Structures are given as structure tokens and as C-alpha cells.
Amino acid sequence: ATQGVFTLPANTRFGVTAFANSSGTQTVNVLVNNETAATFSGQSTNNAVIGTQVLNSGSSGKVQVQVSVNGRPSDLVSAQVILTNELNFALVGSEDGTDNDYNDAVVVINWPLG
């Protein structure tokens, strides 16, 4: 199934934060309305934040996360969770190799803000 695509309420601010756990340099693209809105890159094996950004979900509300290592897209897992019918998490794991810990880039999208 398609992974890493989330429909947020339209015109709503959200946070997106990426962590790295890989010897490969991670590249995270965040698309809004099918257009690149933010790009992160960094390398860590210790969960370092390689980027964190406030964005707007735009007219469609469609947010997509892509993850790449040295030009090669990683395999993605994702889900959305909602607590007390109000607090929203869209979660992405990614795998760049063969060990399948799926933590190589970890991306957390949260809303509402403020």
C-alpha cells in the first residue's frame, strides 16, 4: 500500500521533525500539494534531529514524506494516530538497507499547533 501520505485538515499548521539512525546520510522531503515544501538532510546513528519545521497543509491538506539515501528511496512504513479525538500524529519509519529496523530516518508530523 501507499505509505507516507497523510490527509490533514486544509490550511492547518503542522510540525514535521526528522531523526536519523543510519550510517547513511538521510534526505527527507516533505511535499505539500504535491510540491516540495521542506527538505532535511543529515547523518547520525544516535537519533539526532536532522530537521524540524513548521509548515502549512495548504488547500488540499495532502502531506507526503519521502526518504532517500544517496539517491536511493528508502522503504517506508507509516500510520496516523489520534488521541482524545484532538491530538494528531502522522508517523513514518524508513529502511535504507537490509537489517529492517526501519529507524534509518524517523519522521514525526504533529498537529494542531499553538
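Start at 1 with the first residue shown and count on from there.
Report task. Name the higher of the two by mean Cα B-factor in the PDB entry, 36-44 versus 79-87. Result -> Mean CA B-factor is higher for 36-44.
Query raised in the report: According to the deposited model, is the average Cα temperature factor higher in 26-34 or in 48-56?
Result: Between 48-56 and 26-34, it is 26-34 that shows the higher mean C-alpha B-factor.
Report task. Can you pull the Cα B-factors for 11, 21, 94, 17 from the entry and say which is highest? Result -> Out of 11, 21, 94, 17, the record gives the largest C-alpha B-factor to 11.
Query raised in the report: Taking the entry's C-alpha B-factors for this chain, is residue 7 in the lowest, middle or highest third?
Result: CA B-factor rank for residue 7: middle third.
Query - B-factor third for the C-alpha atom of residue 1 within its chain - result: Highest third, going by the recorded CA B-factors of the chain.
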